[PDB]
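Engineer: pasting the first chains of the complex, positions unchanged:
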Amino acid sequence: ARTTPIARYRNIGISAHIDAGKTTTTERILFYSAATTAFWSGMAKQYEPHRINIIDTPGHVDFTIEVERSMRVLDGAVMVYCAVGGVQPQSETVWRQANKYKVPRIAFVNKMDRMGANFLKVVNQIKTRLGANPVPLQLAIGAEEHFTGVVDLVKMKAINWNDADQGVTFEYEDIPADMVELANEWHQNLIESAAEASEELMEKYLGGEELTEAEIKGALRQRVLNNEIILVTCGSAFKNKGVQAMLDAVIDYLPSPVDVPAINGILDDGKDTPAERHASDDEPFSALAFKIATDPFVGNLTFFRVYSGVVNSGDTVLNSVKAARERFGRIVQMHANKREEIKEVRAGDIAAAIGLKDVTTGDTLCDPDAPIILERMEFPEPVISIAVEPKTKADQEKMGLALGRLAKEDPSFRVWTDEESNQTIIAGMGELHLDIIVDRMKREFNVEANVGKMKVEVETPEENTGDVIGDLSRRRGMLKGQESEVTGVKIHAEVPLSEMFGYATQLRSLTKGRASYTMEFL
Amino acid sequence: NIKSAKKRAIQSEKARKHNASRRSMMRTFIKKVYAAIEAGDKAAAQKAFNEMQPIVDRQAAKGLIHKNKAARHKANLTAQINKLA
């Protein structure tokens, strides 16, 4: 029946800022949001083949729903970082996204193949800016271009990769005196942290003795699971280096569907254990449609991760949120774009349903009896509104269907022809977001269309106050409250509605893409 | 293609090569008889007709043409050679 045991299932997300390395590392993975699976036995053919479900994400603040609507389907998070920048405002964003869904994070500090790349500095950057408390799993060997491998704090070896063939024929090495002292330092600072899983580990180490790496890896995995720490690794996906050991760390610390407590559901309203459910092949079927897509080929394709249960090709299901009846014809699970039809999915899988004409994003698919709601009822608010018009005044039906389908796909992208005059206005989350929407309209549902033309409240870092207010006073903007919180400053301003027209993008370039706002008609 | 009707494509091409061979040979013998008949040598035409007759009947037997077509050839040629003198 089940091809791979549930314990040999990793549901990992690759989320970071922009161009931090996400897609590159994902390609190195396929060698050694787009959901895609792989079979990574191990680095030494150990760890009988695991099935790692990887959900590659965007890092743009425009597509923040495309990552938050996968965070609460994922079980683990692989937060990528660049080595020259480390924590960016975009990195802080997806970080808060993952903290909202309490994902057990590890980190992967990519771009050690660049000048100015550092590892210690980026670890401390994470510890200071975000708030995480990181345990360095690796330590780079080779500063910027000399980067050849890393040292482990468990194996105490050097995995210096062979650069003749891309990154596969790595060698294990003698961890030489290039860095063999800081290695010891951080190895001890790792042991001292893995001791933080039980009193019987305090008594274990405090005997003046270093415990065994087996029960150190188990302990650190416990810590990641309880979100107590975060394990950071070190690689270079572009120089084909460090990726396979990040995959090892994924196998060794990230959770399987059973390494967590059950998923708590709701029977008809909030009950004591209303529909708490655990990942098992024998449960009643329950899932969560984390993504709606618009198939180029079909125009409809629903992603879902089965939490508890086993559904089949043809099984009827209950839209417990919508209180309706859904059925199955084609189930496809494959790489980012390809589609390999299968027959049934078990708990812990991620597949694409078809003909699912009713379920919207975040709505729970389940058998006629399973949870009425499964959490996930919150996604952001559009921040940018523009109007639009096709080349011929009368193709507005084509345009309305295109922008009803794309709006179904992106719940953070509205459309409503405001009945003030008649104008069909489009509300996305970013300038590039709306560019993407318009070009998808021109390309998929081909209609060439040219775009056109309160008490605000803003938060921002307490360094860009002068400019944002200069910008607010630059606009016809009177203000309300000069109050500063603690992680920033809350600005309140009364500005026109025919105005600001791009205030989000003006604000993002102005605030270092680290500010939010709201403008709801005083 | 899609199915293994490509096998039948190969076989049809091969059979076309062979049938074209044999039909060309047969039609050539009949061209010989017709050139004799338009030459007028009732005896040379007779030899040519007796040369083609087993060929065309053997082909009809093989199925390359029909019994009726072979018999039609033989009847036309007998009529011609008999009026040929």
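Structural biologist: Received the coordinates, thanks. Numbering: from 1, shown residues only, chains lettered A, B, ... in the order given.

Engineer: from residue B:79, how far out is the residue positioned nearest the centre of chain B?
Structural biologist: By Cα atoms, centre = their mean, chain B has its centre lying nearest to residue B:26, at 3.1 Å. For residue B:26, the distance to residue B:79 equals 19 Å [Cβ to Cβ, to the nearest Å]. Using the backbone N, CA and C atoms, a C-beta is placed for each residue, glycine as well.

Engineer: sec struct for the residue nearest to the centre of chain B, please.
Structural biologist: helix (DSSP: H, G, I helix; E, B strand; the rest coil).

Engineer: for chain B, just list every one of the helices.
Structural biologist: Assigned by DSSP state H, chain B shows helices spanning B:5-37, B:42-62, B:67-83.

Engineer: could you do chain A as well?
Structural biologist: A:22-31, A:65-71, A:89-100, A:120-125, A:182-194, A:199-205, A:214-225, A:243-253, A:396-409, A:431-443, A:465-474, A:503-511.

Engineer: dump these to JSON lines, plus mean neighbour count.
Structural biologist: JSON lines is the format used below for these (neighbours: other Cβ atoms under 10 Å in any protein chain shown):
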{"stretch": "helix A:22-31", "mean neighbour count": "20"}
{"stretch": "helix A:65-71", "mean neighbour count": "23"}
{"stretch": "helix A:89-100", "mean neighbour count": "20"}
{"stretch": "helix A:120-125", "mean neighbour count": "18"}
{"stretch": "helix A:182-194", "mean neighbour count": "17"}
{"stretch": "helix A:199-205", "mean neighbour count": "12"}
{"stretch": "helix A:214-225", "mean neighbour count": "18"}
{"stretch": "helix A:243-253", "mean neighbour count": "24"}
{"stretch": "helix A:396-409", "mean neighbour count": "17"}
{"stretch": "helix A:431-443", "mean neighbour count": "18"}
{"stretch": "helix A:465-474", "mean neighbour count": "15"}
{"stretch": "helix A:503-511", "mean neighbour count": "19"}
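
Engineer: chain C should join the structure above:
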Amino acid sequence: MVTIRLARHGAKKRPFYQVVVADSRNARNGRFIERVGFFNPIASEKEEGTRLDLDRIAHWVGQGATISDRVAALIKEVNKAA
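Structural biologist: Placing chain C onto the earlier chains gives this:
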């Protein structure tokens, strides 16, 4: 190969076949040369749930008509030795 087969008339979950001597090309329910008795597989007190037309079946099978599996079985059951 002129067959003599059952033609599957009736209703859903309640069949009623008609023994039809038809060219084996045409569809089951489709074109047929002649019908020789019926067959009702769901009878309790009806006309045996079967009736054939044996002189015409014999005429056909003398003309070389092939008899299907169930129609052979029905000739068996009609011939009271089976």
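
Engineer: the residue nearest to the centre of chain B reaches residue B:60, doesn't it?
Structural biologist: No: applying Cβ atoms under 8 Å, one finds residue B:26 not in contact with residue B:60, separated by 9.6 Å.

Engineer: what's residue A:400 in contact with, if anything?
Structural biologist: Each residue near residue A:400 by Cβ atoms under 8 Å, 6 or more residues apart in numbering or on different chains is listed here: A:415, A:417, A:424.

Engineer: report the separation between it and residue A:333.
Structural biologist: Computed as Cβ to Cβ, the residue A:400 to residue A:333 distance reads 33 Å.

Engineer: with residue C:63 instead?
Structural biologist: 59 Å.

Engineer: these two: who's more crowded?
Structural biologist: Each of residue C:63 and residue A:333 has its neighbours counted (other Cβ atoms under 10 Å in any protein chain shown); residue A:333 has more, 19 against 9.

Engineer: any idea how far residue A:41 is from the residue nearest to that one when sequence neighbours are not counted?
Structural biologist: Distance criterion Cβ to Cβ, 6 or more residues apart in numbering or on different chains; nearest residue to residue A:333, sequence neighbours excluded, is residue A:351 at 4.0 Å. Applying Cβ to Cβ, the value for residue A:351 to residue A:41 is 23 Å.

Engineer: here's chain D, drop it on:
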Amino acid sequence: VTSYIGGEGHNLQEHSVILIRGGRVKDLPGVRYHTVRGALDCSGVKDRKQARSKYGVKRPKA
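Structural biologist: One more chain to add, chain D, which I have set with the ones above:
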């Protein structure tokens, strides 16, 4: 074509799409169609309580 808007009160702007049926008005000379109320963003007559299927009014509780 011209088409009546039956009932009491509508919301029809110039770009609203509506469903058109048959049935003239007999005193508007040249109007031979009726706007199907309660279909295609042409909402049904507010505060109707009798013949609500016509004028597309969902059953109040009352």
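
Engineer: which ones are touching the residue in the stretch 301-450 of chain A that chain D sits nearest to?
Structural biologist: Here the stretch 301-450 of chain A gets closest to chain D at one residue, residue A:422, 4.6 Å apart by Cβ to the nearest Cβ. If you count contacts by Cβ under 8 Å, 6+ apart, residue A:422 has them with D:13-15.

Engineer: got phi/psi on it?
Structural biologist: Per-residue torsions, residue A:422: phi -160, psi 0 (degrees, to the nearest 10).

Engineer: do you know how far the residue of chain B found nearest chain D is from residue A:463?
Structural biologist: Using Cβ to the nearest Cβ, the single residue of chain B nearest to chain D is residue B:2, 44.1 Å away. For residue B:2, the distance to residue A:463 equals 66 Å [Cβ to Cβ].

Engineer: higher neighbour count, those two?
Structural biologist: Taking other Cβ under 10 Å, residue B:2 and residue A:463 do not tie; residue A:463 has more neighbours (12 against 5).

Engineer: enumerate every residue touching residue 34.
Structural biologist: Since no chain was named, I'll use chain A. A:26, A:55-56, A:335-337.

Engineer: that's the wrong chain, I meant chain C
Structural biologist: C:20-21, C:56, C:60.
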